[PDB]
Amino acid sequence: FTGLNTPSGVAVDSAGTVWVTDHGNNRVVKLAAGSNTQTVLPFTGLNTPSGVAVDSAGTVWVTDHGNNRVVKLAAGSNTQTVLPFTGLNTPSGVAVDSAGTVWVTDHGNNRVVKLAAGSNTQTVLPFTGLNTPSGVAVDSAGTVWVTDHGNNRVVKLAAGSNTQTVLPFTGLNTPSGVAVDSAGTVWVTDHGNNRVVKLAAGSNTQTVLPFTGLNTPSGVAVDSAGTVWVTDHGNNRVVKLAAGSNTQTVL
């Protein structure tokens, strides 16, 4: 990537294309799968965009944090769509599944809202006790993980459940992004400690990834191989740690 300023959200598709919220420049930039081909999405009127999510079809959703809305752009389209969410305040994270259901962390209202594919009326997920939540992630089942940023914790809600689970991460400080793979492993950007941590689905003690020189990292995204992308927000770059490596690369 080039020309990023304070990048925040990152999303990766199954084809391996990478989208980043070039938050300081009110735009979304894209790095095509398997090359150094950068393009810039034709979003208009964004203000401090935070999160970004993408589906298999190349449709991109962005949380327009300053304008309290979520905007969608289909691949190759010049027309953005404002989703029928209501009552949002400074929304942060967004995640989508393969059906086009959209989950948004409604940060200012300490809640996560959902727009089921095909529906036009949001539901509020029954999380409780959230404070200034940020990242959100979903798996193919609709299990939702939210970074409960104000409480230094990550919380999981299975779909349709009224039981939320606090994940046993250790030493988190103002965490930001969260990402999950098909194996149930959970990665979290520990923004306050300049590191990324991970918890496997059947483990109780986190692993710390050997990233180095991160500054206020924000977004994180993962693929099915366990390769991780992090927005190194303070250094205007996106870093990548492949599965099984101790040497990060810079996109």
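In case you missed it, the structure is sitting above this.
**Student:** Mind laying out the overall build of the protein chain, listing which residues take part and the relevant values?
**Tutor:** For the protein chain, the count of helices and strands is 0 helices and 24 strands. For 251 residues, the compact-globule formula gives about 18 Å, and the C-alpha radius of gyration of the protein chain, at 16 Å, lands near that figure. Here the C-alpha coordinates of the protein chain stretch approximately 45 × 45 × 25 Å along the principal axes. The burial tally for the protein chain puts 48% of its 251 residues in the buried class. Of the roughly 10200 Å² of accessible surface on the protein chain, 46% is carried by carbon and sulfur atoms.

**Student:** Tell me what's going on with the sheet that holds strand β8 (residues 81-82), and back it up with residues and numbers.
**Tutor:** Taken in spatial order, the 4 strands of this open sheet run β5-β6-β7-β8, and their pairing is antiparallel. Every interior strand has two partners, whereas the edge strands, β5 (52-54) and β8, have only one. For strand β6 (residues 60-64) and strand β7 (residues 69-73), the ladder comprises 5 bridges, and the chain directions are antiparallel. Each residue of the ladder has a partner; that of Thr 63, found in β7, is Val 70.

**Student:** Describe the pairing of strand β11 (residues 111-115), naming the residues involved and giving the relevant values.
**Tutor:** Burial analysis of β11 places 4 of its 5 residues in the buried class, the great majority of the element. Here strand β10 (residues 102-106) pairs with β11 via 5 bridges, running antiparallel. Paired with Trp 103 across the two strands is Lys 114, which belongs to β11. Here β10 hands over to β11 after 4 residues, with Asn 110 in that stretch at a positive phi of 50°. Summarising the sheet, β11 and strand β12 (residues 123-124) pair through 2 bridges and their orientation is antiparallel. Within the sheet, the bridge partner assigned to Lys 114 lies in β12 and is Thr 123.

**Student:** Would you mind going over the pattern of salt bridges in detail, with residue names and values included?
**Tutor:** Considering all chains together, one arrives at 6 salt bridges under this definition. Between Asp 64 and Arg 69 there is a salt bridge, with its nearest N and O atoms 2.7 Å apart. Residue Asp 64 is classed as buried on the basis of its relative accessible area of 0%. For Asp 190, the salt bridge identified is with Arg 195, shortest N-O distance 2.7 Å. For the pair shown, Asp 190 and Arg 195 are each scored as buried.

**Student:** Residues and numbers for the environment of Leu 199, please.
**Tutor:** Looking at where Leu 199 falls in the secondary structure, it is placed in strand β19 (residues 195-199). You can call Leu 199 buried: its relative accessible area is 3%. Separated by 32 residues in sequence, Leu 199 and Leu 167 place their C-alpha atoms 8.5 Å apart. In this view, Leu 199 contacts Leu 167, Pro 168, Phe 169, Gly 184, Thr 185, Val 186, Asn 204, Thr 205 and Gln 206; residues no more than four positions away in its chain are not counted.

**Student:** Give me the lowdown on the side chain of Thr 189, citing residues and values where you can.
**Tutor:** If you trace the backbone, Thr 189 turns up in strand β18 (residues 186-190). Only 2.9 Å separates the side chain of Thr 189 from the backbone oxygen of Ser 218, close enough to count as a polar contact. If near-sequence neighbours (up to four positions away) are discounted, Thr 189 is found in contact with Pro 175, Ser 176, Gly 177, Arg 195, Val 196, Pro 217, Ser 218, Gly 219 and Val 220.

**Student:** An account of the environment of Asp 13 is needed here, citing residue identities and associated values.
**Tutor:** Relative to the assigned elements, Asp 13 resides in the loop between β1 (10-12) and β2 (18-22). Residue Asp 13 is classed as buried on the basis of its relative accessible area, which comes to 13%. Not counting residues up to four positions away in its chain, the partners in contact with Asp 13 are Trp 19, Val 54 and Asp 55. A distance of 2.7 Å separates the side chain of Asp 13 from the backbone nitrogen of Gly 16, its partner in a polar contact.

**Student:** Quick one: what's the story with the environment of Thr 2, residue by residue and with numbers?
**Tutor:** With respect to the helices and strands, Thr 2 occurs in the segment before β1. Take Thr 2: its relative accessible area is 58%, and that puts it in the exposed class. Separated by 236 residues in sequence, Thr 2 and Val 238 have C-alpha atoms that sit 10.0 Å apart.

The rules we used
Residues numbered from 1 in each chain as written, not as in the entry; some residues may be left out. Heavy atoms only, no water. Helix = DSSP H or I, 4+ residues; strand = E, 2+ residues; numbered from the N terminus. Rg over C-alpha atoms; globule rule 2.2 N^0.38 Å. Buried < 20%, exposed > 50% of the residue type's maximum accessible area, 1.4 Å probe, protein only. Areas by Shrake-Rupley, 256 points an atom, 1.4 Å probe, with all protein chains shown as cover. Pairing = 2+ DSSP bridges. Salt bridge = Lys/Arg side-chain N within 4 Å of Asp/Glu carboxyl O. Contact = heavy atoms within 4.5 Å. Polar contact = N/O pair within 3.5 Å; in protein donor to acceptor, adjacent residues only side chain to side chain.

Spatial relationships are all this shows, so hold off on functional conclusions.
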